[PDB]
Amino acid sequence: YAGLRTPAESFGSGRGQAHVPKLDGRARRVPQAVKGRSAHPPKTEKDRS
Amino acid sequence: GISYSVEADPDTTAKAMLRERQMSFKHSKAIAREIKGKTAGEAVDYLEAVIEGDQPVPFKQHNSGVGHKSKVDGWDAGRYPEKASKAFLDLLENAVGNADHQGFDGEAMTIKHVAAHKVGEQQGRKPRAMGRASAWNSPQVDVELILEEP
Amino acid sequence: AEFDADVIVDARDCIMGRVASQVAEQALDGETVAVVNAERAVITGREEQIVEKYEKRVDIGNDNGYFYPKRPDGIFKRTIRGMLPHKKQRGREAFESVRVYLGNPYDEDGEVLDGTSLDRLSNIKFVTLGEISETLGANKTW
Amino acid sequence: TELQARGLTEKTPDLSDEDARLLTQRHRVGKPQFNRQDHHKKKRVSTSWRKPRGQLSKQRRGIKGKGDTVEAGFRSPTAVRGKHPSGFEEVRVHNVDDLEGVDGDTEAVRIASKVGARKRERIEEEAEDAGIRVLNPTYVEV
RNA sequence: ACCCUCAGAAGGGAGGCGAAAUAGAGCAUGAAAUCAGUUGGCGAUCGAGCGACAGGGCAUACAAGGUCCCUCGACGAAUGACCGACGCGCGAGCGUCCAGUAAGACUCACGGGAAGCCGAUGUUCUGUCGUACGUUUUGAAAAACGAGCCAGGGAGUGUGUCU
RNA sequence: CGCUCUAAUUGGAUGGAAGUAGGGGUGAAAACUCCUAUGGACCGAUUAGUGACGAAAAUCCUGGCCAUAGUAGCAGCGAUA
RNA sequence: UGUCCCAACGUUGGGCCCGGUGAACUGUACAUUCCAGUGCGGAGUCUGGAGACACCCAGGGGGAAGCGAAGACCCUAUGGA
Ligand SMILES: [Cl-]
Ligand SMILES: [Cl-]
Ligand SMILES: [Cl-]
Ligand SMILES: [Cl-]
Ligand SMILES: [Cl-]
Ligand SMILES: [Cl-]
Ligand SMILES: [Cl-]
Ligand SMILES: [Mg+2]
Ligand SMILES: [Mg+2]
Ligand SMILES: [Mg+2]
Ligand SMILES: [Mg+2]
Ligand SMILES: [Mg+2]
Ligand SMILES: [Mg+2]
Ligand SMILES: [Mg+2]
Ligand SMILES: [Mg+2]
Ligand SMILES: [Mg+2]
Ligand SMILES: [Mg+2]
Ligand SMILES: [Mg+2]
Ligand SMILES: [Mg+2]
Ligand SMILES: [Mg+2]
Ligand SMILES: [Mg+2]
Ligand SMILES: [Mg+2]
Ligand code: NA
Ligand code: NA
Ligand code: NA
Ligand code: NA
Ligand code: NA
Ligand code: NA
Ligand code: NA
Ligand code: NA
Ligand code: NA
Ligand code: NA
Ligand code: NA
Ligand code: NA
Ligand code: NA
Ligand code: NA
Ligand code: NA
Ligand code: NA
């Protein structure tokens with residue numbers, strides 16, 4: 001859940017802002033956002049044997 | 001904060017500085033540029049006239065909207081930064097003071113180097129229409145002065 | 001006043017453009033030239049049309065401007081500028097080291113460049129720069 | 001009283017006539033800078049070469065004036081590739097034992113920057129006695 | 001610490017500690033954007049993808065590059081004459097011979113020279129070419145779309161099955 | 001070509017590592033390297049591995065910063081002080 | 001009856017200069033342009049010419065298909081309500 005712990009949402013078009021999910025006016029969740037999730041992260045599930 | 005950007009021979013040099021002064025960094029530029037090369041004593045006289053409004057400071061870089069002044073020479077726009085000029089009297093008052101305490105003839109010392117540097121802003125916020133707020137800051141100026149024997 | 005022309009050319013009864021062409025070619029080779037008797041230079045053609053062109057040039061213009069000479073003086077010089085890259089350094093140099101005069105202020109008599117002369121005996125359809133200027137409204141100061 | 005670099009600073013390698021000619025060719029011809037397109041229009045774009053990918057790229061399209069595109073054809077002569085401008089073939093050296101096997105005629109040595117002054121001194125003296133040149137030598141006041 | 005200055009527990013100067021205060025309090029290092037002062041180049045008659053490649057001016061401590069300039073001579077691919085002799089053409093001019101000669105890029109040797117001198121770097125001038133970049137598109141400099149600038153962040157990963 | 005950490009082999013560093021600034025040399029190039037200064041403790045090479053491994057862009061995210069500009073506002077209200 | 005012919009003068013607060021305070025919109029880059037032409041057919045940047053010494057103050061806004069809003073109209077989606 002790292003980076004997914006929030007209800008952030010995108011205002012969409014209309015304020016000259018990029019469609020990025022935001023909360024309290026701070027972008028969140030998405031990979032390109034500081035504090036966002038890690039696109040493709042290390043995984044426990046992977047077989048390293 | 002700044003450090004002297006120039007080398008100064010201690011046997012023939014007097015130093016001084018102002019720290020985090022909340023004044024016009026833009027006027028400082030002008031004032032510094034203006035008084036450079038002058039004599040600490042001629043410098044004080046000048047600034048005191050500027051404060052009196054009988055002498056104007058050439059505003060050569062930061063001049064948008066500035067009205068012309070017949071007394072400026074070789075240029076056209078100029079004003080009378082009294083606040084910034086008073087801060088400069090304190091600087092000079094300090095340097096002529098350190099000058100004397102060292103045995104030199106303060107007033108009669110040339111202004112070898114004098115430079116203002118914007119060291120930051122005291123941040124402020126101004127409410128605006130539509131429930132929005134915006135910057136409303138103050139610049140903090142540092143200024144180095146190096147007197148030198150003629 | 002005083003112009004050390006390595007070459008002085010007489011334009012009288014000479015085809016303006018053919019003179020201008022050579023005068024350019026020389027000035028670009030570093031030659032200081034002076035054109036004499038501009039008012040007596042000639043350009044072939046049906047006078048009426050010829051004047052319509054030049055007259056159109058005087059009338060052209062706007063705030064930015066289109067300054068076109070009326071004196072046979074400038075006429076010739078502007079004709080020559082058109083043959084030089086006058087906005088480059090080289091060209092402006094070559095154009096500046098050239099000068100056109102009304103009549104002849106020198107003592108020497110100008111030379112006549114080869115192939116620029118017009119035989120008035122076998123020619124009737126042509127015009128004098130001066131004639132052109134009088135029509136444009138210039139002040140016959142010659 | 002003056003600085004003097006240690007070792008055989010003046011040493012030159014001995015090359016066959018072909019290598020020497022091929023070396024002079026590389027030095028004469030040279031090569032384009034090969035800097036990343038438009039690296040000079042934006043500070044965030046550094047000089048490091050990157051292949052223009054723009055479908056409309058003026059460089060990628062080979063429009064004269066927009067820079068050379070890295071190609072094999074630009075390589076330097078097999079026989080001289082990698083040689084110092086002097087003619088020597090460099091050898092990276094980290095200690096005294098690295099000096100073993102080095103032909104002081106064909107090769108010169110370059111002491112890695114990490115190596116300290118103490119170890120440098122030893123490397124520099126034994127290199128000289130082996131007839132090898134130190135490309136980056138120490139300047140001592142003599 | 002002490003002393004001078006100052007309205008002053010502010011600040012500044014001098015001074016002290018320490019290997020270092022450019023380690024002096026949000027105090028290791030201290031990039032880019034960017035700001036002050038200043039140095040080099042350009043500069044108040046001149047034109048705009050900001051450059052690439054050539055070639056000139058001016059500027060440059062060492063170091064890590066050491067070349068480069070002129071006489072002559074050797075070698076000399078393709079290309080390749082002038083003049084003069086003779087013969088043609090109304091003529092511009094051509095043919096034969098002189099001659100595949102003289103010449104001919106690079107490279108080299110002897111002699112002489114340069115150390116801001118050669119390279120290189122900074123800036124500027126000249127020539128040639130040149131209306132960003134990425135994307136949308138049949139067609140983009142585009143009056144199509146994106147970015148004020150910089151730094152850091154920012155997009156083929158895991159399990160199972162199949163081939 | 002370059003990055004992280006692992007392993008084997010093998011090196012450098014307070015007689016000054018990394019990083020940073022400016023500068024010299026190599027490579028067609030990704031990049032490698034050296035010099036000077038700053039810095040003051042870590043840093044590599046080869047081979048085999050490893051992967052939240054390479055940015056100029058997404059009205060991209062966060063921070064910082066410049067022009068805008070010493071510019072607009074600090075007048076307008078039946079309460080003009 | 002200043003709505004108009006048809007505009008005038010005056011009053012007060014701004015505007016303009018000075019001290020102090022001090023934002024924001026906007027910004028790919030370059031930029032002194034004009035007339036034509038050309039080009040994805042609506043160009044400050046291409047091409048040809050013309051004009052153009054540099055800086056600054058005020059103005060009214062002709063142009064930047066000016067700024068502001070991923071077009072509400074129209075069509076398309078095996079979209080939504
Ligand atoms: Cl400011
Ligand atoms: Cl006009
Ligand atoms: Cl021109
Ligand atoms: Cl006739
Ligand atoms: Cl290859
Ligand atoms: Cl050769
Ligand atoms: Cl992939
Ligand atoms: Mg996170
Ligand atoms: Mg004004
Ligand atoms: Mg509110
Ligand atoms: Mg750049
Ligand atoms: Mg620090
Ligand atoms: Mg279309
Ligand atoms: Mg990054
Ligand atoms: Mg090994
Ligand atoms: Mg890309
Ligand atoms: Mg304004
Ligand atoms: Mg009242
Ligand atoms: Mg033009
Ligand atoms: Mg839409
Ligand atoms: Mg509808
Ligand atoms: Mg429905
Ligand atoms: Na939360
Ligand atoms: Na697992
Ligand atoms: Na200005
Ligand atoms: Na005056
Ligand atoms: Na004046
Ligand atoms: Na004619
Ligand atoms: Na006209
Ligand atoms: Na140069
Ligand atoms: Na697109
Ligand atoms: Na494009
Ligand atoms: Na267009
Ligand atoms: Na902004
Ligand atoms: Na990635
Ligand atoms: Na935005
Ligand atoms: Na009225
Ligand atoms: Na307008």
# chains A, B, ... in the order shown; residues from 1 in each chain; ligands from 1
>>> residues_near_ligand(ligand="ligand 16", cutoff="8 Å", atoms="only C-alpha atoms (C1' of nucleotides) and all ligand atoms", output="PyMOL selection string")
(chain D and resi 53) or (chain E and resi 134) or (chain F and resi 55-57)
>>> write_last_selection(atoms="N, CA and C atoms (P, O5', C5', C4', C3', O3' and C1' of nucleotides)", output="PDB file, in the first residue's frame")
ATOM      1  N   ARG D  53      16.063  11.669 -32.166  1.00  0.00           N
ATOM      2  CA  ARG D  53      14.980  10.747 -32.474  1.00  0.00           C
ATOM      3  C   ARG D  53      13.791  11.432 -33.144  1.00  0.00           C
TER       4      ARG D  53
ATOM      5  P     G E 134      13.677  16.086 -31.919  1.00  0.00           P
ATOM      6  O5'   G E 134      12.304  15.697 -31.207  1.00  0.00           O
ATOM      7  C5'   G E 134      12.300  14.808 -30.083  1.00  0.00           C
ATOM      8  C4'   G E 134      10.980  14.855 -29.348  1.00  0.00           C
ATOM      9  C3'   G E 134       9.737  14.469 -30.121  1.00  0.00           C
ATOM     10  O3'   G E 134       9.641  13.070 -30.342  1.00  0.00           O
ATOM     11  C1'   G E 134       9.251  16.330 -28.766  1.00  0.00           C
TER      12        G E 134
ATOM     13  P     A F  55      18.906  10.140 -16.624  1.00  0.00           P
ATOM     14  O5'   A F  55      17.714  10.348 -17.665  1.00  0.00           O
ATOM     15  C5'   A F  55      17.969  10.561 -19.064  1.00  0.00           C
ATOM     16  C4'   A F  55      16.994  11.574 -19.622  1.00  0.00           C
ATOM     17  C3'   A F  55      16.911  12.896 -18.868  1.00  0.00           C
ATOM     18  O3'   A F  55      16.582  13.938 -19.788  1.00  0.00           O
ATOM     19  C1'   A F  55      14.812  11.840 -18.815  1.00  0.00           C
ATOM     20  P     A F  56      17.716  14.973 -20.273  1.00  0.00           P
ATOM     21  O5'   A F  56      16.906  16.257 -20.737  1.00  0.00           O
ATOM     22  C5'   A F  56      16.269  17.096 -19.775  1.00  0.00           C
ATOM     23  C4'   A F  56      14.837  17.319 -20.167  1.00  0.00           C
ATOM     24  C3'   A F  56      14.053  16.057 -20.508  1.00  0.00           C
ATOM     25  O3'   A F  56      12.689  16.297 -20.261  1.00  0.00           O
ATOM     26  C1'   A F  56      14.139  17.473 -22.383  1.00  0.00           C
ATOM     27  P     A F  57      11.988  15.748 -18.934  1.00  0.00           P
ATOM     28  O5'   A F  57      10.472  16.137 -19.205  1.00  0.00           O
ATOM     29  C5'   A F  57      10.129  17.502 -19.478  1.00  0.00           C
ATOM     30  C4'   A F  57       9.206  17.617 -20.668  1.00  0.00           C
ATOM     31  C3'   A F  57       7.958  16.746 -20.696  1.00  0.00           C
ATOM     32  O3'   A F  57       6.940  17.551 -21.254  1.00  0.00           O
ATOM     33  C1'   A F  57       9.131  16.509 -22.705  1.00  0.00           C
TER      34        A F  57
END
>>> residues_around(residues="region 67-82 of chain E", least_positions_apart="5", cutoff="10 Å", atoms="only C-alpha atoms (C1' of nucleotides)", output="list in words")
residues 99, 100, 101, 102, 103, 104, 105, 106, 107, 108, 109, 110, 111, 112, 113, 114, 117, 118 and 119 of chain E
>>> residues_around(residues="residue 139 (chain D)", least_positions_apart="6", cutoff="7 Å", atoms="only C-alpha atoms (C1' of nucleotides)", output="VMD selection string")
chain D and resid 3 to 6
>>> interface_residues(of="chain D", to="chain F", cutoff="6 Å", atoms="only C-alpha atoms (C1' of nucleotides)", output="CSV table (one decimal) with N, CA and C atoms, in the first residue's frame")
chain,number,residue,atom,x,y,z
D,70,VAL,N,26.7,10.7,-35.4
D,70,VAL,CA,27.7,9.7,-35.2
D,70,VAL,C,27.5,8.5,-36.1
D,71,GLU,N,28.6,8.2,-36.8
D,71,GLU,CA,28.6,7.1,-37.8
D,71,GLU,C,29.9,6.4,-37.6
D,72,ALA,N,29.9,5.1,-38.1
D,72,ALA,CA,31.2,4.3,-38.1
D,72,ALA,C,32.2,5.1,-38.9
D,74,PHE,N,33.3,7.7,-39.1
D,74,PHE,CA,34.1,8.7,-38.4
D,74,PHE,C,35.3,8.2,-37.5
D,75,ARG,N,35.4,6.9,-37.5
D,75,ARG,CA,36.5,6.3,-36.6
D,75,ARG,C,37.9,6.7,-37.0
D,82,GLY,N,43.5,5.3,-29.9
D,82,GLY,CA,43.8,5.3,-28.5
D,82,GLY,C,45.1,5.8,-28.1
D,114,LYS,N,44.2,8.6,-7.8
D,114,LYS,CA,44.0,8.2,-6.4
D,114,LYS,C,45.3,8.0,-5.6
D,115,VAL,N,46.2,7.4,-6.3
D,115,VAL,CA,47.6,7.1,-5.7
D,115,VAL,C,48.1,8.3,-5.0
D,117,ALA,N,51.0,10.7,-2.8
D,117,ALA,CA,52.4,11.2,-3.0
D,117,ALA,C,53.5,10.3,-2.6
D,118,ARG,N,53.3,9.6,-1.5
D,118,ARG,CA,54.3,8.7,-1.0
D,118,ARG,C,54.5,7.6,-2.1
>>> closest_residue(among="G:74, G:42, G:25, G:62", to="ligand 38", atoms="only C-alpha atoms (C1' of nucleotides) and all ligand atoms")
G:62
>>> residues_near_ligand(ligand="ligand 28", cutoff="7 Å", atoms="only C-alpha atoms (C1' of nucleotides) and all ligand atoms", output="VMD selection string")
chain C and resid 43 to 45
>>> closest_residue(among="B:112, B:69, B:117, B:36", to="chain G", atoms="only C-alpha atoms (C1' of nucleotides)")
B:69
>>> residues_near_ligand(ligand="ligand 26", cutoff="10 Å", atoms="only C-alpha atoms (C1' of nucleotides) and all ligand atoms", output="list in words")
residues 68, 69, 70, 71, 72, 73, 74, 75 and 76 of chain B
>>> write_last_selection(atoms="C-alpha atoms", output="compact mmCIF listing (two decimals), in the first residue's frame")
# COMPACT_ATOMS: atom_id res chain seq x y z
CA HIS B 68 13.13 61.81 -15.06
CA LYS B 69 15.24 64.15 -12.90
CA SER B 70 17.08 67.17 -14.33
CA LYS B 71 19.84 66.75 -11.76
CA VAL B 72 20.91 63.24 -12.89
CA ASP B 73 23.89 63.52 -15.22
CA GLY B 74 24.39 61.31 -18.25
CA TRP B 75 21.13 59.60 -17.45
CA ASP B 76 17.47 60.54 -16.91
>>> residues_near_ligand(ligand="ligand 8", cutoff="12 Å", atoms="only C-alpha atoms (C1' of nucleotides) and all ligand atoms", output="list in words")
residues 1, 2, 3, 4, 5, 28, 29, 30, 31, 32, 33, 34, 35, 36, 37, 38, 39 and 41 of chain A; 153 of chain E; 52 of chain F
>>> residues_around(residues="residue 51 (chain G)", least_positions_apart="5", cutoff="9 Å", atoms="only C-alpha atoms (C1' of nucleotides)", output="ChimeraX atom specification")
/C:64-67 /G:33-34
>>> atom_distance(atom1="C1' of residue 32 (chain G)", atom2="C1' of residue 46 (chain E)")
8.9 Å
>>> residues_near_ligand(ligand="ligand 20", cutoff="10 Å", atoms="only C-alpha atoms (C1' of nucleotides) and all ligand atoms", output="JSON, numbers by chain")
{"A": [13], "G": [70, 71]}
>>> write_last_selection(atoms="N, CA and C atoms (P, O5', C5', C4', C3', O3' and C1' of nucleotides)", output="PDB file, in the first residue's frame")
ATOM      1  N   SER A  13     -10.121  18.640 -15.910  1.00  0.00           N
ATOM      2  CA  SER A  13      -9.849  19.874 -16.652  1.00  0.00           C
ATOM      3  C   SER A  13     -10.512  21.038 -15.947  1.00  0.00           C
TER       4      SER A  13
ATOM      5  P     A G  70      -7.774  24.223 -18.516  1.00  0.00           P
ATOM      6  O5'   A G  70      -7.800  23.351 -19.855  1.00  0.00           O
ATOM      7  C5'   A G  70      -8.662  22.197 -19.970  1.00  0.00           C
ATOM      8  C4'   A G  70      -8.894  21.857 -21.423  1.00  0.00           C
ATOM      9  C3'   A G  70     -10.059  20.909 -21.713  1.00  0.00           C
ATOM     10  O3'   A G  70     -10.574  21.257 -23.000  1.00  0.00           O
ATOM     11  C1'   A G  70      -8.098  19.968 -22.556  1.00  0.00           C
ATOM     12  P     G G  71     -12.074  20.866 -23.420  1.00  0.00           P
ATOM     13  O5'   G G  71     -12.349  21.829 -24.662  1.00  0.00           O
ATOM     14  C5'   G G  71     -12.829  23.171 -24.479  1.00  0.00           C
ATOM     15  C4'   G G  71     -14.241  23.305 -25.016  1.00  0.00           C
ATOM     16  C3'   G G  71     -14.898  22.011 -25.517  1.00  0.00           C
ATOM     17  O3'   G G  71     -16.290  22.044 -25.218  1.00  0.00           O
ATOM     18  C1'   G G  71     -15.027  23.645 -27.171  1.00  0.00           C
TER      19        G G  71
END
>>> select_by_dssp(residues="chain D", states="helix (DSSP H, G or I)", output="JSON, numbers by chain")
{"D": [17, 18, 19, 20, 21, 22, 23, 24, 25, 26, 27, 28, 29, 72, 73, 74, 97, 98, 99, 117, 118, 119, 120, 121, 122, 123, 124, 125, 126, 127, 128]}
>>> interface_residues(of="chain D", to="chain E", cutoff="9 Å", atoms="only C-alpha atoms (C1' of nucleotides)", output="list in words")
residues 21, 32, 37, 38, 40, 41, 43, 44, 53, 54, 56, 57, 63, 64, 65, 66, 67, 68, 85, 86, 135, 136 and 139 of chain D
>>> interface_residues(of="chain E", to="chain A", cutoff="9 Å", atoms="only C-alpha atoms (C1' of nucleotides)", output="PDB file with N, CA, C and O atoms (P, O5', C5', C4', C3', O3' and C1' of nucleotides), in the first residue's frame")
ATOM      1  P     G E 153      16.728  11.595  -9.166  1.00  0.00           P
ATOM      2  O5'   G E 153      15.169  11.444  -8.890  1.00  0.00           O
ATOM      3  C5'   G E 153      14.670  11.029  -7.617  1.00  0.00           C
ATOM      4  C4'   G E 153      13.168  11.123  -7.609  1.00  0.00           C
ATOM      5  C3'   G E 153      12.449  10.387  -8.727  1.00  0.00           C
ATOM      6  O3'   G E 153      12.281   9.004  -8.460  1.00  0.00           O
ATOM      7  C1'   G E 153      11.585  12.563  -8.575  1.00  0.00           C
ATOM      8  P     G E 154      12.524   7.937  -9.636  1.00  0.00           P
ATOM      9  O5'   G E 154      11.321   8.202 -10.646  1.00  0.00           O
ATOM     10  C5'   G E 154       9.949   8.010 -10.239  1.00  0.00           C
ATOM     11  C4'   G E 154       9.004   8.500 -11.310  1.00  0.00           C
ATOM     12  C3'   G E 154       9.259   7.937 -12.690  1.00  0.00           C
ATOM     13  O3'   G E 154       8.689   6.644 -12.823  1.00  0.00           O
ATOM     14  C1'   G E 154       9.009  10.277 -12.843  1.00  0.00           C
ATOM     15  P     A E 155       9.649   5.352 -12.915  1.00  0.00           P
ATOM     16  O5'   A E 155       9.037   4.495 -14.102  1.00  0.00           O
ATOM     17  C5'   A E 155       7.868   3.676 -13.905  1.00  0.00           C
ATOM     18  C4'   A E 155       7.203   3.412 -15.231  1.00  0.00           C
ATOM     19  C3'   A E 155       8.177   3.020 -16.330  1.00  0.00           C
ATOM     20  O3'   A E 155       8.402   1.606 -16.297  1.00  0.00           O
ATOM     21  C1'   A E 155       6.761   4.767 -17.084  1.00  0.00           C
ATOM     22  P     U E 157      10.563  -5.320 -16.870  1.00  0.00           P
ATOM     23  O5'   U E 157       9.989  -5.788 -15.468  1.00  0.00           O
ATOM     24  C5'   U E 157      10.283  -5.070 -14.267  1.00  0.00           C
ATOM     25  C4'   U E 157       9.251  -5.403 -13.227  1.00  0.00           C
ATOM     26  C3'   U E 157       8.869  -6.875 -13.188  1.00  0.00           C
ATOM     27  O3'   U E 157       9.843  -7.647 -12.479  1.00  0.00           O
ATOM     28  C1'   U E 157       6.924  -5.547 -13.096  1.00  0.00           C
ATOM     29  P     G E 158       9.960  -9.233 -12.738  1.00  0.00           P
ATOM     30  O5'   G E 158       8.818  -9.865 -11.832  1.00  0.00           O
ATOM     31  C5'   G E 158       8.882  -9.779 -10.407  1.00  0.00           C
ATOM     32  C4'   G E 158       7.631 -10.352  -9.821  1.00  0.00           C
ATOM     33  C3'   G E 158       7.270 -11.728 -10.346  1.00  0.00           C
ATOM     34  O3'   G E 158       8.016 -12.760  -9.730  1.00  0.00           O
ATOM     35  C1'   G E 158       5.367 -10.374 -10.438  1.00  0.00           C
ATOM     36  P     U E 159       8.143 -14.174 -10.466  1.00  0.00           P
ATOM     37  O5'   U E 159       6.719 -14.850 -10.237  1.00  0.00           O
ATOM     38  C5'   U E 159       6.232 -15.121  -8.909  1.00  0.00           C
ATOM     39  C4'   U E 159       4.830 -15.681  -8.971  1.00  0.00           C
ATOM     40  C3'   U E 159       4.625 -16.792  -9.982  1.00  0.00           C
ATOM     41  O3'   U E 159       5.080 -18.050  -9.540  1.00  0.00           O
ATOM     42  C1'   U E 159       2.881 -15.238 -10.213  1.00  0.00           C
TER      43        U E 159
END
>>> select_by_dssp(residues="region 18-129 of chain C", states="strand (DSSP E or B)", output="VMD selection string")
chain C and resid 33 to 36 42 to 44 98 to 100 111 117 126 to 128
>>> write_last_selection(atoms="C-alpha atoms", output="PDB file, in the first residue's frame")
ATOM      1  CA  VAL C  33      34.171  55.985 -57.760  1.00  0.00           C
ATOM      2  CA  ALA C  34      32.393  59.238 -58.558  1.00  0.00           C
ATOM      3  CA  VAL C  35      29.638  59.526 -61.145  1.00  0.00           C
ATOM      4  CA  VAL C  36      29.411  62.848 -62.933  1.00  0.00           C
ATOM      5  CA  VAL C  42      19.699  58.325 -69.873  1.00  0.00           C
ATOM      6  CA  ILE C  43      17.449  55.282 -69.698  1.00  0.00           C
ATOM      7  CA  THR C  44      15.824  53.796 -72.784  1.00  0.00           C
ATOM      8  CA  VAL C  98      30.929  55.791 -54.249  1.00  0.00           C
ATOM      9  CA  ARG C  99      29.392  59.169 -55.004  1.00  0.00           C
ATOM     10  CA  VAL C 100      27.125  60.667 -57.642  1.00  0.00           C
ATOM     11  CA  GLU C 111      35.794  58.694 -68.643  1.00  0.00           C
ATOM     12  CA  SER C 117      27.022  54.944 -74.361  1.00  0.00           C
ATOM     13  CA  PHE C 126      14.864  57.372 -74.185  1.00  0.00           C
ATOM     14  CA  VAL C 127      14.757  59.789 -71.261  1.00  0.00           C
ATOM     15  CA  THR C 128      17.129  61.998 -69.297  1.00  0.00           C
TER      16      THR C 128
END
>>> residues_near_ligand(ligand="ligand 38", cutoff="12 Å", atoms="only C-alpha atoms (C1' of nucleotides) and all ligand atoms", output="PyMOL selection string")
chain G and resi 60-64+66
>>> write_last_selection(atoms="C-alpha atoms (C1' of nucleotides)", output="PDB file, in the first residue's frame")
ATOM      1  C1'   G G  60      -5.451  55.035 -25.967  1.00  0.00           C
ATOM      2  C1'   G G  61      -5.498  49.494 -26.907  1.00  0.00           C
ATOM      3  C1'   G G  62      -4.281  48.010 -33.992  1.00  0.00           C
ATOM      4  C1'   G G  63      -1.551  43.186 -33.870  1.00  0.00           C
ATOM      5  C1'   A G  64       0.887  39.014 -31.044  1.00  0.00           C
ATOM      6  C1'   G G  66      -2.987  38.547 -26.953  1.00  0.00           C
TER       7        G G  66
END
